[PDB]
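Colleague: The following block contains the structure, expressed as structure tokens.
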Amino acid sequence: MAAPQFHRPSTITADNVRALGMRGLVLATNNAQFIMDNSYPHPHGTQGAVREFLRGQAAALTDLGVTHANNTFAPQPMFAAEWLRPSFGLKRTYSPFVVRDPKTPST
Amino acid sequence: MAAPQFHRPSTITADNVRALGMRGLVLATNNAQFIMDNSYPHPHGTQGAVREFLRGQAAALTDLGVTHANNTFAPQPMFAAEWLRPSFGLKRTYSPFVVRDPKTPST
Amino acid sequence: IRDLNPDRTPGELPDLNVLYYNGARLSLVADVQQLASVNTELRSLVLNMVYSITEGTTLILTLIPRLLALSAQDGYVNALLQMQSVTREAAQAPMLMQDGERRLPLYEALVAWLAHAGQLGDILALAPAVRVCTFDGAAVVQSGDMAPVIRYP
Amino acid sequence: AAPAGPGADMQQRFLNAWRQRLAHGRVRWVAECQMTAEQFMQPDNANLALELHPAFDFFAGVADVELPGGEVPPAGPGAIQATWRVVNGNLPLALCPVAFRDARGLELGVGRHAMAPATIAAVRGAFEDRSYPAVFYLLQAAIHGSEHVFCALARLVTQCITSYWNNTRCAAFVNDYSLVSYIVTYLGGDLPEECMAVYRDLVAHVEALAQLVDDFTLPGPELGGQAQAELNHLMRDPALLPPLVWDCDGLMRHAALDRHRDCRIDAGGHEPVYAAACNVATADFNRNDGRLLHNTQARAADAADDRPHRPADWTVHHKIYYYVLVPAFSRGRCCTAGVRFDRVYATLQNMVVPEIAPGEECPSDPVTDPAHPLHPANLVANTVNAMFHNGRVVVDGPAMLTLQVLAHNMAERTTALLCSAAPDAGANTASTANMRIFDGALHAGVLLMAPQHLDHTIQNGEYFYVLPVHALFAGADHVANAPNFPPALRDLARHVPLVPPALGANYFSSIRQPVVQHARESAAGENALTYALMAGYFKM
Amino acid sequence: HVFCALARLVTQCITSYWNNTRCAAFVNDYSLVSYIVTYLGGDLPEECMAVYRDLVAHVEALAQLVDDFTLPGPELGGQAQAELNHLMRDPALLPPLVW
Amino acid sequence: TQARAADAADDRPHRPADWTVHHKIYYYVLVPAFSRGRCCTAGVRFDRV
Amino acid sequence: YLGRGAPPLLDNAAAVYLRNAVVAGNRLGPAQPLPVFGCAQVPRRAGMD
């Protein structure tokens, strides 16, 4: 990244790295200045084509996926892969999934 | 069955058999792997045409029919054979049934 | 001949018994075929079509892919190749082997083909000895009329 | 063709058998695209020379082959032969235009019953529905067209009907006539009258057509045992039986006729035979003795082997509902199918029904309480309430708890049945004495309204297989999308209704191609088309 | 896949938008629309579901309009008759947006 | 685009032929009907979405 | 199809299919195909009025 580069998970520049969470990423990234190259004198080796961010910001939501809109043990996610589920074999086989979404844990 | 065969009621392969709650069935069958012949080196004598399953899975619901949607002593099944009942002799005979559904128990 | 194979393939063959001259479907008589009569006709057909093949002929067989190139970009040469053309199915090459280079096998291949294969109507059947000529200037001869006739074409 | 082995691959056994001499050539019955003065011109009707008599079809088949035999004809020299056009609907559309043929539906239609514009919007919406929930095919197959099981599940049904009615305004089970005849009989109590009418009017219209035969029939004795209306109209003729027959009652009467030849049913033995009932101990799902279950009876104690259960008009209304109405409603897009019952029940009774807590009320709403079987807690892969959910159908615990009847009644397989018959005495003479009319039908079948291949939840063709019986029912998108479908036939199957001759052929059927093209091509209404199509079924 | 996963988020989008304005939402994509009718047929008010259900039923009425004006015949250069007749059947042209 | 993550496709295509046929029909026949010339394709900035 | 002036369709199966679809029953369309040298042979019908 710009400033002091790291990609997930690191922190300076694109405020944070993967697993930072709802706040400090969003809050962090919101938090930075206009400048370019702060805290750093060099670019990403790959280039800045890869700043290893959305990968951390996406894996952040997977970490936030655990307790939001439901306690976790509560009735979330509602419809309850499986935004609305799928059906496997008529049984008599006993295992494997034939509908894109076999199930989504309700938690 | 595949793996270690039994038909109702047994358990390995088509998770469960007769004497097993829809659960552990449903949960059990859901529970198995892709493989074929696990825990076993031989096929069903009949063949696998009969794995003695739906027979156990159907007789499972008859065992689950007792306390669901009603305490058992509670007001279930609602319409309360006899999804909505039938009429016998005008009496003056005193026994026997005049309709497919003479009666169903509300329990 | 085809009857003589004898066509293995099913029992429904092509017509070959029916012609057209101008309009006027002409239906030949299909009745008997005799061994000896078909043999000689087959014998001399087979015999002559062989002698029409020479060394220079292979130089011509090179040109089949070139013909079908013309099958398709000229309206003539399109017509030339009959729909039921084996040549069309024959495409679905010099071979070095030139004996000192001064023979002219093309020319010699034409002469050879022209003699034996060119003259097949004549050997299979009797060649014309007469040709219609009308002095009065009537330019056809109706069927049943008398055709003034003059020596060989 | 002779039906061969299992009915499941019988169509797959067809496409592969019929791929070289099917896709290559051009089917003879393309006269549907022709106008008149196109048929009468020397050119490209080159089959004109074979249009000779009103009442017969002259076509080129193979020569020596006795028809009901073989997978594919050992093609020899082609011969040329006649087969008696059964109904007058079979005359080609070029010689009896749709625009004529529909003008005399309006003629018969005036003065008689008319389905309301409401009942047509609901019934048509069902056949046109992609999102039609799969539970209804299963329940229909679970009921297996029996009156006993219907009243058993009766409350489960009205929760399915109403929920579907509330989601999408359409009638639910219209793909089955029996159900619709029960939905009116028993379920008349609990249903909003808006959707009760759709069934009440749909059933009242089958009878309005049924009596139209009696107006145009004069009195007279019985001829060859058949009545006069059977010698007049096809829906009365009992020789022909509907494509989907839940019992043996149909074959009961047709087995005994001077016309009946021999039902050729593919199973262990060519000659059929009956089964009184079926249970968990009786059922053998994969078997081939050539046997049929006779069990639709409402009365489990009164069974039948010989004597048929229902009246004669029972079968007549199914003939009129399936052939007259459905063609009118779908417009040729729908397909029969068989059932894998081993696979059906397995997900029919696989269920999580919450054990009630002591003194706790029956949960109404799946959204809130976990004690309701449709709450996300109880939703399991492979189970049945996941299927009630995929379909947004609201059903409570006890209703799907009554599903346990499936132990008492079941079906092993669907039995694809080919039966022939002669022209009726009254229409039989020495030239036509050897003419057979080969008409097949499924034993326990289901009519699949709108194709739903587009969704990966259910594996392609799990519970059902296409097996088009009659050319009236072959979905262009049902057959093309069968699991192994030759890619060479992708387009050829768009125009041509592929029906395996194991189930009967166009020329040898009672309802031939011009009736099929009339149904989908006609621009008339649904009522008018119903009579015009009803009037094409009179005999020649 | 990504649709059926997110299918719940979408039904609220379609519905919410239908209430603010009576309009169909995702109409600019046919693949979505075809998914909307296929998968989402349950949860949507029937007034707006009709829009998608009819919009899809109309595309298929046009598709079969080609089969009327074509006659049977072999394949010519690998294309079937309907593709040689009409453009929409003709493969060579592919739609402007192909995921 | 396969909804089955178990079986990918290297060579063989996923869908039937009619799928892409309805999109031509939808995009070319219908949308011009509804928009009357007013619309535009666009590229997506995915990293930015 | 009585005259040959025109370069044909470059797919033979496409050309010879279109030809005998048109030429099939035409009054004019030649009885048997065009020879290189010869007369195009328009059929003559058994009677006229």
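Letters A, B, ... mark the chains of the structure tokens in the order given; residue numbers begin at 1 per chain; ligand numbers begin at 1, in order shown.
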Once chain A is fitted onto chain B by least squares over all its in-order Cα atoms, send the moved chain as a compact mmCIF listing (two decimals) with C-alpha atoms, in the first residue's frame.
Modeller:
```txt
# COMPACT_ATOMS: atom_id res chain seq x y z
CA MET A 1 -27.79 -51.38 2.59
CA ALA A 2 -24.40 -50.04 1.68
CA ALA A 3 -21.70 -50.04 4.43
CA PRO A 4 -23.09 -52.18 7.23
CA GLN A 5 -26.51 -53.38 6.11
CA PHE A 6 -29.59 -53.85 8.08
CA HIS A 7 -33.05 -52.66 7.07
CA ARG A 8 -35.37 -51.53 9.83
CA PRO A 9 -34.15 -51.16 12.10
CA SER A 10 -30.33 -50.85 11.78
CA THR A 11 -28.27 -47.64 11.25
CA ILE A 12 -24.96 -47.61 9.32
CA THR A 13 -25.21 -46.25 5.75
CA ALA A 14 -28.77 -44.96 5.44
CA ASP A 15 -28.46 -43.44 8.78
CA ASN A 16 -30.96 -45.28 11.00
CA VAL A 17 -33.88 -47.72 10.84
CA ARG A 18 -37.58 -47.44 11.65
CA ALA A 19 -38.48 -45.53 14.81
CA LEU A 20 -35.29 -43.45 14.81
CA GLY A 21 -37.42 -40.31 14.85
CA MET A 22 -37.26 -36.79 13.50
CA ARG A 23 -33.62 -36.49 14.49
CA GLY A 24 -30.81 -38.94 13.78
CA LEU A 25 -32.56 -40.23 10.65
CA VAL A 26 -32.76 -36.89 9.07
CA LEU A 27 -29.86 -35.72 10.96
CA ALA A 28 -28.10 -39.09 10.36
CA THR A 29 -28.72 -39.45 6.70
CA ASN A 30 -27.74 -35.82 6.37
CA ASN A 31 -24.65 -36.83 8.33
CA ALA A 32 -23.08 -39.39 5.88
CA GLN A 33 -20.12 -39.29 3.15
CA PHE A 34 -20.00 -39.74 -0.63
CA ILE A 35 -18.67 -43.25 -0.43
CA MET A 36 -19.95 -46.62 -1.35
CA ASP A 37 -19.57 -49.83 0.63
CA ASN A 38 -18.23 -48.20 3.84
CA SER A 39 -18.18 -50.54 6.84
CA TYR A 40 -19.18 -53.37 4.49
CA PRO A 41 -17.78 -55.80 1.94
CA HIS A 42 -21.11 -57.12 0.69
CA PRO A 43 -24.42 -56.03 -0.81
CA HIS A 44 -27.97 -56.53 0.45
CA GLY A 45 -29.08 -60.10 -0.21
CA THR A 46 -32.21 -58.80 -1.90
CA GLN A 47 -29.92 -56.32 -3.54
CA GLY A 48 -30.00 -52.70 -2.73
CA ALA A 49 -33.35 -52.61 -4.37
CA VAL A 50 -34.62 -52.95 -0.86
CA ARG A 51 -32.57 -51.19 1.75
CA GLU A 52 -35.56 -51.43 4.19
CA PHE A 53 -35.57 -47.67 4.61
CA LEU A 54 -38.52 -45.61 3.62
CA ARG A 55 -40.37 -48.35 5.50
CA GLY A 56 -38.54 -47.26 8.64
CA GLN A 57 -38.69 -43.59 7.69
CA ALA A 58 -42.43 -43.84 7.16
CA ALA A 59 -42.98 -45.78 10.37
CA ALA A 60 -40.85 -43.09 12.01
CA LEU A 61 -43.53 -40.47 11.35
CA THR A 62 -46.17 -42.78 12.80
CA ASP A 63 -43.98 -42.65 15.92
CA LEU A 64 -43.73 -38.85 15.59
CA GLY A 65 -47.44 -38.57 14.98
CA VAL A 66 -48.12 -38.79 18.73
CA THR A 67 -47.06 -35.38 20.17
CA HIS A 68 -46.49 -32.86 17.34
CA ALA A 69 -48.55 -29.73 16.71
CA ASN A 70 -50.47 -30.72 19.83
CA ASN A 71 -49.32 -31.61 23.32
CA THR A 72 -51.27 -34.79 22.60
CA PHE A 73 -54.02 -33.78 25.03
CA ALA A 74 -54.09 -30.32 23.43
CA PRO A 75 -56.24 -28.98 20.60
CA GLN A 76 -54.52 -30.56 17.63
CA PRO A 77 -55.03 -31.67 15.06
CA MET A 78 -57.40 -28.87 14.24
CA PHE A 79 -59.95 -30.09 11.70
CA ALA A 80 -60.36 -33.32 13.68
CA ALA A 81 -58.46 -40.98 8.45
CA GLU A 82 -60.72 -38.07 9.07
CA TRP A 83 -58.82 -35.06 7.94
CA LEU A 84 -62.37 -33.72 8.21
CA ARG A 85 -64.48 -36.86 9.23
CA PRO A 86 -67.37 -38.94 7.89
CA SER A 87 -70.88 -40.15 8.91
CA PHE A 88 -72.03 -43.72 9.65
CA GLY A 89 -75.52 -45.18 9.93
CA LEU A 90 -78.41 -43.03 10.99
CA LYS A 91 -78.03 -45.04 14.22
CA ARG A 92 -80.73 -47.62 14.70
CA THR A 93 -78.11 -50.12 13.60
CA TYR A 94 -75.52 -49.09 16.24
CA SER A 95 -72.06 -49.95 14.81
CA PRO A 96 -69.94 -49.91 11.62
CA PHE A 97 -68.61 -47.02 9.47
CA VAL A 98 -69.96 -45.79 6.12
CA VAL A 99 -67.74 -42.76 5.41
CA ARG A 100 -64.17 -43.48 4.46
CA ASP A 101 -63.10 -41.54 7.58
CA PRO A 102 -65.13 -42.46 10.64
CA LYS A 103 -62.78 -40.50 12.82
CA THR A 104 -59.20 -39.55 13.58
CA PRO A 105 -58.32 -39.43 17.26
CA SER A 106 -57.63 -35.79 18.35
CA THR A 107 -54.36 -36.85 19.91
```
Colleague: Could you pull out all residues of chain F with a DSSP call of helix (DSSP H, G or I) and give them as number ranges by chain?
Modeller: F: 17-35
Colleague: Those residues with C-alpha atoms, as a tab-separated table (two decimals), in the first residue's frame please?
Modeller:
```
chain	number	residue	atom	x	y	z
F	17	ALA	CA	-28.81	-22.77	-26.37
F	18	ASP	CA	-32.20	-21.13	-25.76
F	19	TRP	CA	-30.83	-19.28	-22.73
F	20	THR	CA	-28.68	-16.95	-24.83
F	21	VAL	CA	-31.48	-16.77	-27.40
F	22	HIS	CA	-33.88	-15.13	-24.96
F	23	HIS	CA	-31.26	-12.55	-24.05
F	24	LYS	CA	-30.84	-11.42	-27.63
F	25	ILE	CA	-34.64	-11.34	-27.82
F	26	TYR	CA	-34.84	-9.49	-24.53
F	27	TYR	CA	-31.99	-7.04	-25.08
F	28	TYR	CA	-32.48	-6.43	-28.78
F	29	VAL	CA	-36.27	-6.78	-29.19
F	30	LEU	CA	-37.70	-5.59	-25.89
F	31	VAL	CA	-35.44	-3.06	-24.20
F	32	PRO	CA	-35.32	-0.92	-27.28
F	33	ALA	CA	-39.12	-1.03	-27.11
F	34	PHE	CA	-39.24	0.23	-23.51
F	35	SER	CA	-36.41	2.75	-23.45
```
Colleague: Which residues of chain E are close to chain A, meaning at most 8 Å apart when you count only C-alpha atoms, and how do they look as a ChimeraX atom specification?
Modeller: /E:1,4-8
Colleague: Please save C-alpha atoms of the selected residues as a compact mmCIF listing (two decimals), in the first residue's frame.
Modeller:
```txt
# COMPACT_ATOMS: atom_id res chain seq x y z
CA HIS E 1 -25.26 -19.15 -7.33
CA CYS E 4 -29.84 -17.63 -4.68
CA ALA E 5 -27.35 -16.83 -1.92
CA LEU E 6 -28.38 -13.16 -1.87
CA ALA E 7 -31.98 -13.89 -2.88
CA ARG E 8 -33.31 -12.58 0.44
```
Colleague: Using Å and a single decimal, report how far atom CA of residue D:268 sits from atom CA of residue D:66.
Modeller: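 Atom-to-atom, atom CA of residue D:66 and atom CA of residue D:268 are spaced 21.5 Å apart.
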Colleague: Quick one: which residues from chain G are at most 10 Å off chain E, using only C-alpha atoms, as a compact mmCIF listing (two decimals) with N, CA, C and O atoms, in the first residue's frame?
Modeller:
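The resulting selection17.txt:
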```txt
# COMPACT_ATOMS: atom_id res chain seq x y z
N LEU G 10 -21.75 -21.07 -51.78
CA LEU G 10 -20.50 -21.79 -51.58
C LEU G 10 -20.63 -23.03 -50.72
O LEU G 10 -19.71 -23.85 -50.70
N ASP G 11 -21.74 -23.20 -50.02
CA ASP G 11 -22.04 -24.46 -49.35
C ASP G 11 -22.86 -25.28 -50.33
O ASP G 11 -24.01 -24.93 -50.63
N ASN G 12 -22.29 -26.37 -50.83
CA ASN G 12 -23.00 -27.17 -51.82
C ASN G 12 -24.31 -27.68 -51.25
O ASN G 12 -25.36 -27.58 -51.89
N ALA G 13 -24.27 -28.22 -50.04
CA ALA G 13 -25.50 -28.71 -49.42
C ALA G 13 -26.52 -27.60 -49.25
O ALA G 13 -27.73 -27.87 -49.23
N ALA G 14 -26.07 -26.36 -49.12
CA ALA G 14 -26.99 -25.23 -49.09
C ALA G 14 -27.50 -24.90 -50.48
O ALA G 14 -28.67 -24.55 -50.64
N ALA G 15 -26.64 -24.99 -51.49
CA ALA G 15 -27.06 -24.68 -52.85
C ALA G 15 -28.02 -25.74 -53.38
O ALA G 15 -29.11 -25.41 -53.85
N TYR G 17 -29.78 -27.80 -51.87
CA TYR G 17 -31.03 -27.90 -51.15
C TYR G 17 -32.00 -26.82 -51.59
O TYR G 17 -33.18 -27.09 -51.82
N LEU G 18 -31.53 -25.58 -51.70
CA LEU G 18 -32.41 -24.50 -52.14
C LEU G 18 -32.90 -24.75 -53.55
O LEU G 18 -34.08 -24.54 -53.85
N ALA G 21 -35.69 -27.28 -53.82
CA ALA G 21 -36.89 -26.80 -53.14
C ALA G 21 -37.69 -25.89 -54.05
O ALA G 21 -38.91 -26.02 -54.16
```
Colleague: Give me the residues near residue F:41 as a ChimeraX atom specification, where near means some atom within 12 Å (using only C-alpha atoms) and where sequence neighbours in that chain fewer than 2 positions away do not count.
Modeller: /E:28-29,95-98 /F:27,31,37-39,43-44
Colleague: Generate the output file for the selected residues, N, CA, C and O atoms, as an mmCIF file, in the first residue's frame.
Modeller:
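Saved the output as result17.cif:
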```cif
data_model
loop_
_atom_site.group_PDB
_atom_site.id
_atom_site.type_symbol
_atom_site.label_atom_id
_atom_site.label_comp_id
_atom_site.auth_asym_id
_atom_site.auth_seq_id
_atom_site.Cartn_x
_atom_site.Cartn_y
_atom_site.Cartn_z
ATOM 1 N N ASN E 28 -33.342 -4.244 -16.210
ATOM 2 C CA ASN E 28 -32.246 -4.049 -17.150
ATOM 3 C C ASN E 28 -31.383 -5.289 -17.335
ATOM 4 O O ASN E 28 -30.490 -5.267 -18.184
ATOM 5 N N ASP E 29 -31.616 -6.355 -16.574
ATOM 6 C CA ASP E 29 -30.929 -7.626 -16.777
ATOM 7 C C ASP E 29 -31.968 -8.711 -16.985
ATOM 8 O O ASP E 29 -32.855 -8.892 -16.149
ATOM 9 N N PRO E 95 -25.662 -11.641 -27.555
ATOM 10 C CA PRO E 95 -26.300 -10.479 -26.967
ATOM 11 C C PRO E 95 -25.273 -9.488 -26.469
ATOM 12 O O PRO E 95 -24.095 -9.840 -26.290
ATOM 13 N N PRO E 96 -25.668 -8.227 -26.265
ATOM 14 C CA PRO E 96 -24.658 -7.210 -25.943
ATOM 15 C C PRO E 96 -23.967 -7.461 -24.624
ATOM 16 O O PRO E 96 -22.862 -6.953 -24.411
ATOM 17 N N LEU E 97 -24.591 -8.204 -23.714
ATOM 18 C CA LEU E 97 -24.071 -8.354 -22.362
ATOM 19 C C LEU E 97 -24.130 -9.823 -21.981
ATOM 20 O O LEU E 97 -25.219 -10.377 -21.805
ATOM 21 N N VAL E 98 -22.967 -10.445 -21.827
ATOM 22 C CA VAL E 98 -22.871 -11.884 -21.620
ATOM 23 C C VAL E 98 -21.953 -12.125 -20.435
ATOM 24 O O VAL E 98 -20.735 -11.970 -20.556
ATOM 25 N N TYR F 27 -32.775 -8.266 -24.972
ATOM 26 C CA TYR F 27 -31.985 -7.044 -25.078
ATOM 27 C C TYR F 27 -32.236 -6.338 -26.397
ATOM 28 O O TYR F 27 -32.330 -5.111 -26.435
ATOM 29 N N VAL F 31 -36.002 -4.287 -24.747
ATOM 30 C CA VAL F 31 -35.444 -3.056 -24.196
ATOM 31 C C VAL F 31 -35.450 -1.910 -25.194
ATOM 32 O O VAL F 31 -35.731 -0.775 -24.786
ATOM 33 N N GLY F 37 -34.464 4.149 -27.277
ATOM 34 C CA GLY F 37 -33.150 4.671 -27.539
ATOM 35 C C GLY F 37 -32.379 5.149 -26.332
ATOM 36 O O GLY F 37 -31.161 5.316 -26.427
ATOM 37 N N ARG F 38 -33.028 5.357 -25.191
ATOM 38 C CA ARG F 38 -32.379 5.987 -24.047
ATOM 39 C C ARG F 38 -31.968 4.939 -23.030
ATOM 40 O O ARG F 38 -32.801 4.412 -22.290
ATOM 41 N N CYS F 39 -30.670 4.684 -22.980
ATOM 42 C CA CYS F 39 -30.044 3.679 -22.143
ATOM 43 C C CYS F 39 -28.600 3.620 -22.581
ATOM 44 O O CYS F 39 -28.263 4.142 -23.645
ATOM 45 N N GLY F 43 -19.272 -0.440 -18.513
ATOM 46 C CA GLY F 43 -18.399 -1.318 -17.783
ATOM 47 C C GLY F 43 -18.542 -1.090 -16.295
ATOM 48 O O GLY F 43 -18.935 -0.021 -15.842
ATOM 49 N N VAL F 44 -18.229 -2.119 -15.535
ATOM 50 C CA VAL F 44 -18.264 -2.064 -14.083
ATOM 51 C C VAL F 44 -16.844 -1.881 -13.592
ATOM 52 O O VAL F 44 -15.910 -2.480 -14.136
#
```
Colleague: Using only C-alpha atoms, what does the table of chain G residues within 10 Å of chain D look like, with each row giving the shortest atom pair and its distance in Å to one decimal, sorted by chain and ascending number, as CSV?
Modeller:
```
residue,atom,partner,partner_atom,distance
G:20,CA,D:44,CA,9.6
G:21,CA,D:44,CA,7.4
G:22,CA,D:43,CA,8.6
G:23,CA,D:43,CA,8.5
G:24,CA,D:43,CA,5.8
G:25,CA,D:43,CA,3.8
G:26,CA,D:43,CA,6.5
G:27,CA,D:42,CA,8.7
```
Colleague: Would you pick out the contacts of stretch 13-15 of chain E at 9 Å or less, using only C-alpha atoms, so that residues sharing its chain but fewer than 5 positions from it are not included, and give the list as a list in words?
Modeller: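 Counting only C-alpha atoms, the residues come to residues 8, 20, 23, 24, 25, 26, 44, 45 and 48 of chain E.
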Colleague: Please save N, CA and C atoms of the selected residues as a compact mmCIF listing (two decimals), in the first residue's frame.
Modeller:
```
# COMPACT_ATOMS: atom_id res chain seq x y z
N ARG E 8 -32.51 -13.25 -0.58
CA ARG E 8 -33.31 -12.58 0.44
C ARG E 8 -33.14 -11.07 0.37
N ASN E 20 -42.16 2.24 -2.98
CA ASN E 20 -41.84 3.64 -3.25
C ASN E 20 -42.37 4.05 -4.62
N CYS E 23 -42.84 -0.05 -10.01
CA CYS E 23 -41.98 -0.35 -11.14
C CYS E 23 -41.31 -1.67 -10.83
N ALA E 24 -40.89 -2.35 -11.88
CA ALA E 24 -40.05 -3.52 -11.69
C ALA E 24 -38.61 -3.08 -11.60
N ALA E 25 -37.84 -3.73 -10.73
CA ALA E 25 -36.54 -3.20 -10.37
C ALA E 25 -35.45 -3.57 -11.37
N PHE E 26 -35.17 -4.86 -11.49
CA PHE E 26 -33.95 -5.33 -12.13
C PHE E 26 -34.11 -5.54 -13.63
N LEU E 44 -43.12 -11.96 -2.90
CA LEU E 44 -43.27 -10.78 -3.73
C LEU E 44 -44.78 -10.60 -3.86
N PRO E 45 -45.30 -9.38 -3.75
CA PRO E 45 -46.75 -9.21 -3.95
C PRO E 45 -47.13 -9.55 -5.38
N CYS E 48 -46.69 -7.12 -8.43
CA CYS E 48 -45.40 -6.91 -9.08
C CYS E 48 -44.83 -8.19 -9.65
```
Colleague: Set the distance at 10 Å and use only C-alpha atoms: which residues neighbour stretch 467-471 of chain D once local chain neighbours fewer than 2 positions away are removed? I'd like the list as a PyMOL selection string.
Modeller: chain D and resi 7-12+242-244+323+332+334-338+416-418+439-442+445+447+464-465+473-475+478-479+482+496-506+509-513+515-517
Colleague: Contacts from chain D to chain F, 12 Å maximum, only C-alpha atoms: show me the residue list as a PyMOL selection string.
Modeller: chain D and resi 453-457+459+476-477+480-483+485+487+490-491+494
Colleague: Save the residues we just selected, N, CA, C and O atoms, as a CSV table (one decimal), in the first residue's frame?
Modeller:
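Written output follows (again18.csv):
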```csv
chain,number,residue,atom,x,y,z
D,453,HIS,N,-36.9,-26.6,-15.5
D,453,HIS,CA,-35.5,-27.1,-15.6
D,453,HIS,C,-34.6,-26.0,-15.0
D,453,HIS,O,-33.6,-26.3,-14.3
D,454,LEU,N,-34.8,-24.8,-15.4
D,454,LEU,CA,-33.9,-23.7,-14.9
D,454,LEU,C,-33.5,-23.5,-13.4
D,454,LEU,O,-32.8,-22.6,-13.1
D,455,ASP,N,-34.0,-24.4,-12.5
D,455,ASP,CA,-33.5,-24.3,-11.1
D,455,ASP,C,-32.8,-25.4,-10.5
D,455,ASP,O,-33.3,-26.6,-10.6
D,456,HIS,N,-31.6,-25.2,-10.0
D,456,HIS,CA,-30.9,-26.3,-9.4
D,456,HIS,C,-31.2,-26.3,-7.9
D,456,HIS,O,-30.7,-25.5,-7.2
D,457,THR,N,-32.2,-27.1,-7.6
D,457,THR,CA,-32.6,-27.5,-6.2
D,457,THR,C,-32.8,-29.0,-6.3
D,457,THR,O,-32.1,-29.8,-5.7
D,459,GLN,N,-32.4,-32.2,-8.5
D,459,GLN,CA,-31.7,-32.6,-9.6
D,459,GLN,C,-32.6,-32.9,-10.8
D,459,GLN,O,-33.8,-33.2,-10.7
D,476,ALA,N,-41.8,-29.0,-25.6
D,476,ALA,CA,-40.6,-28.7,-26.3
D,476,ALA,C,-39.5,-28.5,-25.4
D,476,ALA,O,-38.3,-28.9,-25.6
D,477,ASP,N,-39.8,-27.9,-24.2
D,477,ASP,CA,-38.8,-27.7,-23.2
D,477,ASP,C,-38.8,-28.8,-22.1
D,477,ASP,O,-37.9,-28.8,-21.3
D,480,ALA,N,-36.6,-31.7,-24.5
D,480,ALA,CA,-35.3,-31.2,-24.8
D,480,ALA,C,-34.4,-31.2,-23.6
D,480,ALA,O,-33.2,-31.4,-23.8
D,481,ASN,N,-34.9,-31.0,-22.4
D,481,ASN,CA,-34.2,-30.8,-21.2
D,481,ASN,C,-34.1,-32.0,-20.4
D,481,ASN,O,-33.5,-32.0,-19.2
D,482,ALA,N,-34.6,-33.2,-20.8
D,482,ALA,CA,-34.3,-34.5,-20.2
D,482,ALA,C,-32.8,-34.7,-20.0
D,482,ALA,O,-32.0,-34.2,-20.9
D,483,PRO,N,-32.4,-35.4,-19.0
D,483,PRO,CA,-31.0,-35.4,-18.6
D,483,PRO,C,-30.0,-35.7,-19.8
D,483,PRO,O,-29.0,-35.0,-19.9
D,485,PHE,N,-30.1,-35.7,-23.6
D,485,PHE,CA,-30.9,-35.3,-24.8
D,485,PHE,C,-29.9,-35.1,-25.9
D,485,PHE,O,-29.0,-34.2,-25.8
D,487,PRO,N,-27.8,-33.7,-28.6
D,487,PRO,CA,-27.8,-32.3,-29.1
D,487,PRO,C,-28.1,-32.1,-30.6
D,487,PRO,O,-28.5,-31.0,-31.0
D,490,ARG,N,-31.8,-30.8,-30.8
D,490,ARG,CA,-32.2,-29.6,-30.0
D,490,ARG,C,-33.2,-28.8,-30.8
D,490,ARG,O,-34.2,-28.4,-30.3
D,491,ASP,N,-33.0,-28.6,-32.1
D,491,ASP,CA,-33.9,-27.8,-33.0
D,491,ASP,C,-35.0,-28.7,-33.5
D,491,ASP,O,-36.2,-28.4,-33.5
D,494,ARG,N,-37.9,-29.0,-31.4
D,494,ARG,CA,-38.6,-27.7,-31.2
D,494,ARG,C,-39.9,-27.7,-32.0
D,494,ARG,O,-41.0,-27.4,-31.5
```
Colleague: Measure the distance from atom CA of residue D:411 to atom CA of residue D:277 in Å and round it to one decimal.
Modeller: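 Answer for the atom CA of residue D:411 to atom CA of residue D:277 separation: 8.9 Å.
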Colleague: D:84, D:488, D:237, D:398: which is nearest residue E:79, counting only C-alpha atoms?
Modeller: D:488
Colleague: What lies within 9 Å of residue G:4 using only C-alpha atoms, ignoring chain neighbours under 6 positions off, as a ChimeraX atom specification?
Modeller: /C:74-76,78-79 /G:34
